[PDB]
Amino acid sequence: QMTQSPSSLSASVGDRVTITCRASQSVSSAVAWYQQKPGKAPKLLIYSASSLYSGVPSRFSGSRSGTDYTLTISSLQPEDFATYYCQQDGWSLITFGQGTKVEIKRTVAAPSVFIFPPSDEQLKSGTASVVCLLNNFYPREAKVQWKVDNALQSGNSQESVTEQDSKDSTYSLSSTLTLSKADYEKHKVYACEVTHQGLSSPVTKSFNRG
């Protein structure tokens, strides 16, 4: 009943930002907009498509064209980087949009790439986790490929990414390659290969043994 896009956008303080949701109906009363920051409950911005909620800054506004509803921030302020949600309160159901995260722009920064072999403690237990750390990079888009004795790995790694650092606006990423102890101890060269806009060519960090 309610669709929101995009899931994220990057912007600078001073930018005019718009976020649009497509509702199943054109009833203006039914649509509201919310702001949410990590670890906190949502806060109401706009109700009934275009009414500014008490205490909300005037730079937030809402509009409607047909079944398309738009939140506009006339000029982003430093405290406006957050996730924004639309809501349709329908005849039968309430639907929230998926949310749009507004992130802050900065210059490209290449990751610092580090690798950690599995601990002897873990191997004794029958598993080997190899960890690749990409520290303090921007933008978020990055590709990590694992190679074991130069064989490309598939289906045995997982990644996690931090939120933007509040001081330097970078991301960090950890990728973990998981193997059985027998498979780990059977190969020699373990390598993490990183592709990122800030690197002139993919960087490889590797170690020998197992």
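When you see a residue number, it is the position in the sequence shown, counting from 1.
- Once the C-alpha B-factors are averaged per stretch, 91-99 and 120-128 rank with 120-128 first.
- Taking only CA atoms, the mean B-factor in the PDB entry is higher for 163-171 than for the other of 163-171 and 66-74.
- Between the residues 59, 37, 147, 43, the entry's highest C-alpha temperature factor is the one at 147.
- Within the group 50, 176, 54, 153, the record's highest C-alpha temperature factor is found at 153.
- When the modelled residues of the chain are ordered by their C-alpha B factor, residue 107 lands in the highest third.
- In the deposited entry, the Cα temperature factor of residue 199 sits in the top third of values across the chain's modelled residues.
- The deposited CA B-factor of residue 189 belongs to the highest third of values across its chain.
- In this PDB entry, the Cα temperature factor of residue 180 sits in the top third of its chain's modelled residues, the highest group.
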